[PDB]
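Okay, so here's just one chain, in structure tokens, the form deposited in one PDB entry.
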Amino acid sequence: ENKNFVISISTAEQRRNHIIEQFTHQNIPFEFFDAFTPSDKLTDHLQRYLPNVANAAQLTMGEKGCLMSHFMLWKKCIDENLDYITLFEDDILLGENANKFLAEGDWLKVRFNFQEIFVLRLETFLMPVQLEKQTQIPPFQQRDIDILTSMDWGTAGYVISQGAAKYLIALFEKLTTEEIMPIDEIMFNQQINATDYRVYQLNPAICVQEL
């Protein structure tokens, strides 16, 4: 019974082929989840489920789409009473023995009760902030002078327990328009010690974003 969902724009043929290839070559079942893109459907979903986010001028509609995709998958976890769901974004590369973690679930069931509130990150945890190149100020001693353009965190591969799905849906629902930030920044900022929400990290990681 399938736990792995890959968020992917329906027309992203090159990414989907790479995902198919990777999952089939390790014999890991999965389904694509058709990512929300700028569209009437996304507009409607924002208005109905996250009215606060629809108003947030600080995010691109694409960022709102990615957020909505994660959020609806969490909702699926609740609605279908799944113990956990494993979410990916469609540019991950699976590491070597990933099938021991993703084709089989007993290792998780033996370790956690799924009403516990946790995420288990499967992707790398050493991630650079997003830097832009610039051409006007020359490098010095073979070091570039780049411009910081955002704090970037991975939401490309993680297990979320039913408990954590409930917690995150409630959290995202309660955020005001002013508090909205990209999903990765919201989730990054939730990773603190004074809460019931616990974030575990697989170390070393078993997948990584392509670029």
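We number the residues from 1 along the sequence you see. What we label the rigid core is the largest C-alpha set whose atoms superpose within 1.5 Å from one form to the other.
Higher average CA B factor: 136 to 144, of the stretches 112 to 120 and 136 to 144.
Of the two stretches examined, 51 to 59 and 147 to 155, the record assigns the greater average C-alpha temperature factor to 51 to 59. Sorting 160, 183, 175, 168 by the CA temperature factor given in the entry leaves 175 at the top. Per the deposited record, the Cα B-factor of residue 93 falls in the middle third when ranked against the other modelled residues of its chain. When the modelled residues of the chain are ordered by their C-alpha B factor, residue 69 lands in the lowest third. Sorting the modelled residues of the chain by their CA temperature factor places residue 16 in the lowest third. In this PDB entry, the Cα temperature factor of residue 127 sits in the top third of its chain's modelled residues, the highest group. In the deposited entry, the Cα temperature factor of residue 7 places it in the lowest third of its chain's modelled residues.
Separately, the form deposited in another entry exists; it is not shown, and the next lines address it.
Here the rigid core is superposed between the shown form and the other one, and of 173, 146, 63, 34 the C-alpha of 146 is the only one to shift by 2 Å or more. In this overlay on the rigid core, residue 132 has a C-alpha that sits 2 Å or more away from its partner position between the shown form and the other one.
Figure legend: C-alpha atoms of residue 151 and residue 14, shown here, are separated by at least 3 angstroms less in that other deposited form.
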